[PDB]
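Here is the structure we will look at.
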Ligand SMILES: COCc1cc(Br)ccn1
């Protein structure tokens, strides 16, 4: 809008995707370091991509400390640059550098607490993220963590209608999606955060399946195979098969051994089968696990 | 359950209320348009109703497109020759936002009967995006209706379809409906549908949620009741045709009430 590519000096490449290339850059007038996402409308057989239309429209209205800020959109006839607040790293890279030491319990708790704030804000503004995974959570030097990449996000109605299927990178994908359910809701974002919570503790993916059906099976072997008692309706679901192996639910202290009683409690509520009983981000913020976080809510950006 | 987001429906409703005010068109833009009229807009909307039917699009998509069009025409003056180009790009942008499977650009070129080129459609897409500054997550009548529906005791499909129908009729006629917010047209539509089908009225519980009463809804309700009574006579008939379909319970075939006692 009031931005111009002449005000930016690129610094280095920092990422890529089907979205395109991301550069770290510097505003030569203000000093501000930004990430520029370039969307080459140059290839516009179909005009502006739907992913970009959703990303931009949805990010415009989501101002929150734990959601990456879209500062500007430069709309040339050839290209589309999204100017973002810059963050030095993502959670996946940090965990790969958190070597074996691991992430200290204070920092896990801080990160999870900020992530819930961000997500609660999204749900409160009728946005599903639909791709929460560590690669899409950015951290800064000040100890903030922020939801990023809203290319797969979506504005929902209340109640929800049927949306795109097999959304969410597979390891983070909720049972209800895997079972072809007609309707999914905010509970799918919670599942992903659940998977991510576990992953911050172990530094390993909790359900790393290599197909839809393998993904289900790994979940079932961990949380037990769901039935009508734990999850009413499950056996009626489009991709539910009676032939499914019936695994017993292992005790939850075995799923993430290092985790305390409060941690286990919160994680079990995030990974509840029944989307209706799974905890909301808003309720999870009050969970006793967070009693002793005292990292200052990070501030919003301008 | 979660499909109705119990923990967020109030937050969401309050947010939609704020946004509908920001996304609102200028009530009197048509008299400032030199070359187009309410009548021409009506023809365009009616046509977009047929396009959504033909391509089996969501009703939400239709509502978003009209929102885009009305906002666009609030700041950009358009020759009658180009109105359909605005509408076409609007429908495209709405489809890319709201559809799982949007029709390709070329299908949009096709429905305009080669009045315009692919290049013209994509350039108007850009202009519309510039003009709206990419603010496309607009509240619609439907987003409100669906929440209001959660207050039916118990759910009634005839009521839900009829309300949708009446809401759609309002898209056609900028006079008077530009002067009502989506949330209010939805309230009127819901009460009228409920009354027509069951004899009941706008419930207490929606007075709690919305702050609206039959009092505050009365103006809109009187208009919507006329639009309903006259709908067989309207120049534009695509919505009545659509709502004869069983998909919508054939609700266009219900008889409007002769009085509201309001
Ligand atoms: C916030 O800066 C880091 C970043 C932003 C984006 Br968008 C993509 C990759 N990396």
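Any idea which of (1) surrounded by fewer than 21 Cβ atoms within 10 Å (Cβ to Cβ); (2) more than 27 Å from residue A:68 (Cα to Cα); (3) within 14 Å of chain B (Cβ to nearest Cβ) is the one residue A:176 doesn't satisfy? Residue A:176 satisfies every listed condition except (1).
For segment B:1-21, a tally of residues being facing another protein chain (nearest Cβ under 7 Å) and assigned to a helix (DSSP H, G or I) returns 7.
Scan B:85, B:145, B:129, B:93 and give me the residue that is more than 9 Å from chain A (Cβ to nearest Cβ), surrounded by 23 or more Cβ atoms within 10 Å (Cβ to Cβ) and assigned to a helix (DSSP H, G or I).
Working: B:85 fails: surrounded by 23 or more Cβ atoms within 10 Å (Cβ to Cβ); B:129 fails: more than 9 Å from chain A (Cβ to nearest Cβ); B:93 fails: more than 9 Å from chain A (Cβ to nearest Cβ).
Checking each option against the conditions leaves just B:145.
Residues considered: A:176, A:261, A:228. Of these, the only one that is more than 16 Å from the chain's Cα centre (by Cα) and under 26 Å from residue A:155 (Cα atoms) is A:176.
Applying the selection to segment A:220-239, what residues are within 29 Å of residue B:6 (Cα to Cα) and surrounded by fewer than 17 Cβ atoms within 10 Å (Cβ to Cβ)?
Narrowing segment A:220-239 to residues within 29 Å of residue B:6 (Cα to Cα): A:220, A:222-239.
Of everything in segment A:220-239, those that are within 29 Å of residue B:6 (Cα to Cα) and surrounded by fewer than 17 Cβ atoms within 10 Å (Cβ to Cβ) turn out to be A:224, A:227, A:228, A:229, A:230, A:232, A:233, A:235, A:236, A:238, A:239.
Name the residues in segment A:67-103 that are away from chain B (no Cβ under 14 Å), assigned to a loop (DSSP other than H, G, I, E, B) and more than 13 Å from the ligand (Cβ to nearest atom), would you? Listed by number, the residues that qualify are A:98, A:99, A:100, A:101, A:102, A:103. Total residues in segment A:104-127 satisfying the condition of being without any contact (Cβ under 8 Å) to a residue 60 or more places away in the chain and either within 14 Å of chain B (Cβ to nearest Cβ) or within 16 Å of the ligand (Cβ to nearest atom) (or both): the figure is 3. Number of residues in segment B:96-126 that are out of contact with any helix residue (DSSP H, G or I) (no Cβ under 7 Å at 6 or more places or on another chain) and either buried (at least 24 other Cβ atoms within 10 Å of the Cβ) or in contact (Cβ under 8 Å) with a residue 24 or more places away in the chain (or both) equals 1. For beta carbons closer than 8 Å, sequence separation of 6+ or different chains, a first residue in segment A:147-166 that is more than 9 Å from chain B (Cβ to nearest Cβ) and farther than 15 Å from residue A:126 by Cα and a second that is part of a loop (DSSP other than H, G, I, E, B) and away from the ligand (no atom under 16 Å from the Cβ), the qualifying pairs are A:166/A:173. When residue A:159 is tested against (1) in a helix (DSSP H, G or I); (2) more than 16 Å from the ligand (Cβ to nearest atom), exactly one condition is not met: (1). Could you say whether any residue in segment B:197-212 is part of a loop (DSSP other than H, G, I, E, B), closer than 18 Å to residue B:160 by Cα, touching a residue at least 60 places away in the same chain (Cβ under 8 Å) and in contact with a helix residue (DSSP H, G or I) (Cβ under 6 Å, 6 or more places away or on another chain)? No: segment B:197-212 contains no residue that is part of a loop (DSSP other than H, G, I, E, B), closer than 18 Å to residue B:160 by Cα, touching a residue at least 60 places away in the same chain (Cβ under 8 Å) and in contact with a helix residue (DSSP H, G or I) (Cβ under 6 Å, 6 or more places away or on another chain). Looking at segment A:54-66, which of the residues that are surrounded by fewer than 20 Cβ atoms within 10 Å (Cβ to Cβ) and farther than 15 Å from residue A:138 by Cβ is farthest from the ligand (Cβ to nearest atom)? Checked segment A:54-66; the qualifying residue farthest from the ligand (Cβ to nearest atom) is A:61.
Considering each residue of segment A:202-219, count those that are surrounded by fewer than 20 Cβ atoms within 10 Å (Cβ to Cβ) and in a helix (DSSP H, G or I), and give that number.
Here is the first cut: in segment A:202-219, the residues surrounded by fewer than 20 Cβ atoms within 10 Å (Cβ to Cβ) are A:202-205, A:208-214, A:217-218.
Retained after the next criterion (residues that are in a helix (DSSP H, G or I)): A:202, A:212-214, A:217-218.
Count: 6.
With without any contact (Cβ under 8 Å) to a residue 40 or more places away in the chain, under 17 Å from the mean Cα position of the chain (by Cα) and either at negative phi or not assigned by CATH to the domain that holds residue A:276 (or both) as the only criterion, which of A:205, A:187 stands out? The unique qualifying residue is A:205.
Which of the following residues is away from chain A (no Cβ under 13 Å) and not in a helix (DSSP H, G or I): B:24, B:31? Working first, answer last.
Numbers: B:31 fails: not in a helix (DSSP H, G or I).
Step by step, each of B:24, B:31 is checked, and only B:24 is away from chain A (no Cβ under 13 Å) and not in a helix (DSSP H, G or I).
Residues that are more than 9 Å from chain B (Cβ to nearest Cβ) and more than 25 Å from residue A:95 (Cα to Cα) were ranked within segment A:179-198; the one that is surrounded by the most Cβ atoms within 10 Å (Cβ to Cβ) is A:181.
Among the residues of segment B:152-162, some residue qualifies, meaning at least one is surrounded by 24 or more Cβ atoms within 10 Å (Cβ to Cβ) and in the same structural domain as residue B:216 (by CATH).
In this structure, is residue A:132 in a loop (DSSP other than H, G, I, E, B), more than 12 Å from chain B (Cβ to nearest Cβ) and over 30 Å from residue B:141 (Cα atoms)? Before the answer, list the steps.
Values: in a loop (DSSP other than H, G, I, E, B): yes; more than 12 Å from chain B (Cβ to nearest Cβ): yes; over 30 Å from residue B:141 (Cα atoms): yes.
Spelling it out, residue A:132 is indeed in a loop (DSSP other than H, G, I, E, B), more than 12 Å from chain B (Cβ to nearest Cβ) and over 30 Å from residue B:141 (Cα atoms).
Summed over segment A:1-53, residues that are in a loop (DSSP other than H, G, I, E, B), within 16 Å of the ligand (Cβ to nearest atom) and in contact (Cβ under 8 Å) with a residue 60 or more places away in the chain total 2. When B:250, B:167, B:211 are screened for being surrounded by fewer than 21 Cβ atoms within 10 Å (Cβ to Cβ) and closer than 19 Å to residue B:16 by Cα, only B:211 passes.
What is reported rests on the model, the rules as stated and the sources as named; these are not laboratory values. No Cβ is skipped: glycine too gets one built from the backbone with ideal geometry, and neighbour counts run over all protein chains shown.
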